[PDB]
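J.:
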Amino acid sequence: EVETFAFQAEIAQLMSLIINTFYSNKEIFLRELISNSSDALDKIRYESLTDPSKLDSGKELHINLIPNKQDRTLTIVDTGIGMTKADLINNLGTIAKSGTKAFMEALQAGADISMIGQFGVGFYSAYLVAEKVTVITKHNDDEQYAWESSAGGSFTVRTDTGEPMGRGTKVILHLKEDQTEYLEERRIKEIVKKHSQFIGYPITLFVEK
Ligand SMILES: CN1CCN(S(=O)(=O)c2ccccc2-c2ccc3nc(N)nc(C(=O)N4Cc5ccccc5C4)c3c2)CC1
């Protein structure tokens, strides 16, 4: 049902440094997940040019940001390309490996954490604000999958037999107790305007009631 896997040692190291380093500019995680979402949105927009059948699983290309005070989650939804089980288990780790090691070196050298994006590993910035990250994803040529990790060296991958999303990805951030500021409407807006005002898809913030 659920499979557990170790992260690439370097991604594990990176994650450990994200959690155990005193860094007050935690807001960067949102620019990174939106930029990832945008990248994944570009991929499907492009694949669809060659083959328009790739939008049968959803024609709209957008990012939604959903804060939820009750569950204390900030969910970043996108209708991008989404991930295969292969991407979740093998590809993502392998493609992050070199960027992770460069980032590790940059940090020891003196580089700021905000620099993580430039090494293609901005996703793991989620762990500055999240105690657990749950990613639901669905790619046209694969089933829906739930990827979950609270760091500590491992992640789990399972078929998500919940509500089907069509195509795309939800990164569900189980925010730390001290990091609920990212659930505030005015705060999400501030970060989006300041960091990623140049994303070529509509970013809708869902107002909680
Ligand atoms: C810098 N990144 C370069 C690569 N991509 S990509 O081109 O889309 C891509 C190319 C190959 C294989 C897959 C993807 C792909 C597709 C859709 C994606 N959608 C979202 N929302 N996020 C990501 C993402 O980067 N991560 C990182 C990560 C790490 C652990 C667990 C989960 C995740 C999710 C996505 C990645 C995203 C931008």
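For the sequence shown, our numbering begins at 2 and goes up steadily by one. Just so you know, even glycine gets a beta-carbon here, dropped at the ideal spot from N, CA and C.
1. Quick check for students: name the residue ranges of the alpha helix (DSSP H) that lie wholly in the region 108-172, counting only runs of 4 or more.
2. Please tell me whether residue 128 and residue 45 are closer than 7 Å, where the distance is taken between their beta carbons.
3. Identify the residues that DSSP records as bridge partners of residue 68: which are they?
4. DSSP puts residue 6 in a beta bridge; with which residues?
5. Do residue 83 and residue 140 have their CB atoms nearer than 7 Å?
6. I'd like to confirm something about residue 79: is its beta-carbon nearer than 6 Å to some heavy atom of ligand 1, or not?
7. Looking only at C-alpha atoms, which of 49, 42, 186 and 147 sits nearest to residue 134?
8. What residue range is occupied by the uninterrupted beta strand (DSSP E) comprising residue 204?
9. Over the uninterrupted alpha helix (DSSP H) stretch that includes residue 40, give me the two end residues.
10. Return the Cβ separation of residue 31 and residue 192 in integer angstroms, given the expectation that the two are a contact with Cβ distance under 8 Å.
11. Whose C-alpha, out of 177, 65 and 49, is nearest the C-alpha of residue 207?
12. Pairs of beta-carbons, one from the region 69-78 and one from the region 163-181, closer than 8 Å: are there three or more?
13. Is the separation between the beta-carbon of residue 157 and that of residue 149 shorter than 7 Å?
T.: Answer, in terms of the structure:
1. 127-130
2. no
3. 75
4. 156
5. yes
6. yes
7. 147
8. 204-206
9. 29-51
10. 5 Å
11. 65
12. yes
13. yes
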